[PDB]
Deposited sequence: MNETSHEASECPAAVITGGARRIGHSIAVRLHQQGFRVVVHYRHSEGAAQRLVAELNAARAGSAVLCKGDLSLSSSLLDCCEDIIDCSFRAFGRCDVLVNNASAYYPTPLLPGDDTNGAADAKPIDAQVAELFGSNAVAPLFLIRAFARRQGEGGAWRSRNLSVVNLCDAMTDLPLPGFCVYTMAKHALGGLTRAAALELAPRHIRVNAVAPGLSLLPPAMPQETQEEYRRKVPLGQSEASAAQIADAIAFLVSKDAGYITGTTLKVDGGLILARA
């Protein structure tokens, strides 16, 4: 049985990824930072389906003196619990505005660049050094049309895109595939008022609806499968045509 590590796999999309992989024979490591309770409910639920098929792992992925070691332990966790790690899904991501013109800015680049870019880099490094192996990074189809006010987040995601291709090429000799899935509009913020959410959905050309977590899980499932054995360094966009819409 192959093992997979899902960062931020406690809720939403990450939760759907952890479940999907598990439904396919994967033993999963569910990482989280604060959604400890949601994490436990998922792990328990998975082990109830298959004893010893799911473990928990807590860790902050922000830039810090402890980030490099934290990433080392998160991967080490897969080996301690399952003796192996075949799949890494970089789903954990900090997301909020940081307007150029008027929490500290320094602390923002630390949390935004850490979770969306640097942690993934440290995780892949650790994953590759301890070795159907594949990595799947979660990108954002919309970063090409920068969301006003999310400057730092945009840079972070662009950097992650550079990591997907840079890693893809260096790990090819090691037979490790590195790809990405780029959602456009998926699960909306839970606090966001319905009328606002409805103004967002109406923008999606294909069905005027956001992508469900399961549809995103589907794409990831395809990329980790043997049906994508020749695919590496590619980004799979899942945005219902949203990026194609003219302003």
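For this session: Compare what was deposited with what's modelled and send me the C-alpha-less stretches, numbered from 1.
Result: Since the structure holds only modelled residues, the stretches it omits are 1-10, 113-122, 152-160.
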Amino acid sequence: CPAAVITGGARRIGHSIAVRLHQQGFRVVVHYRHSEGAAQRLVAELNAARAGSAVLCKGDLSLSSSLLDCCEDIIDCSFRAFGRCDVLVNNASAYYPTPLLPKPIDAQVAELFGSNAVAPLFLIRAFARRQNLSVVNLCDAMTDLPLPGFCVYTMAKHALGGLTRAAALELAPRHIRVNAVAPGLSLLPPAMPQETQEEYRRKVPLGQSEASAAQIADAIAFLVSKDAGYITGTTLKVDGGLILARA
From here on, numbers count along this sequence of modelled residues.
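Exercise. Where do the C-alpha atoms have the higher mean temperature factor in this entry, in 218-226 or in 48-56?
Worked result: It is 48-56.
Problem set entry | Selected stretch [higher average CA B-factor]: 182-190 or 195-203 | Stretch with the higher mean C-alpha B-factor: 195-203.
For this session: Select one of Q108, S134, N90, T154: the residue whose C-alpha shows the highest B-factor in the crystal structure entry.
Result: Highest C-alpha B-factor among the listed options: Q108.
For this session: Could you tell me which one of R177, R165, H158, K103 shows the highest CA temperature factor in the PDB record?
Result: Among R177, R165, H158, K103, the PDB entry lists the largest C-alpha B-factor for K103.
For this session: Compare the C-alpha B factor of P146 with those of the other modelled residues in its chain, then answer lowest, middle or highest third.
Result: Highest third, going by the recorded CA B-factors of the chain.
Exercise. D140's Cα B-factor: lowest, middle or highest third of the chain?
Worked result: Bottom third by C-alpha B-factor.
For this session: Rank-wise, by C-alpha B-factor, drop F113 into the lowest, middle or highest third of its chain.
Result: Answer is middle: the recorded C-alpha B-factor places it there.
Exercise. Going by what the PDB entry lists, where does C77 fall on CA B-factor within its chain: lowest, middle or highest third?
Worked result: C77: CA B-factor falls in the highest third of its chain.
Problem set entry | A245, C-alpha B-factor rank within chain (lowest, middle or highest third) | Highest third, going by the recorded CA B-factors of the chain.
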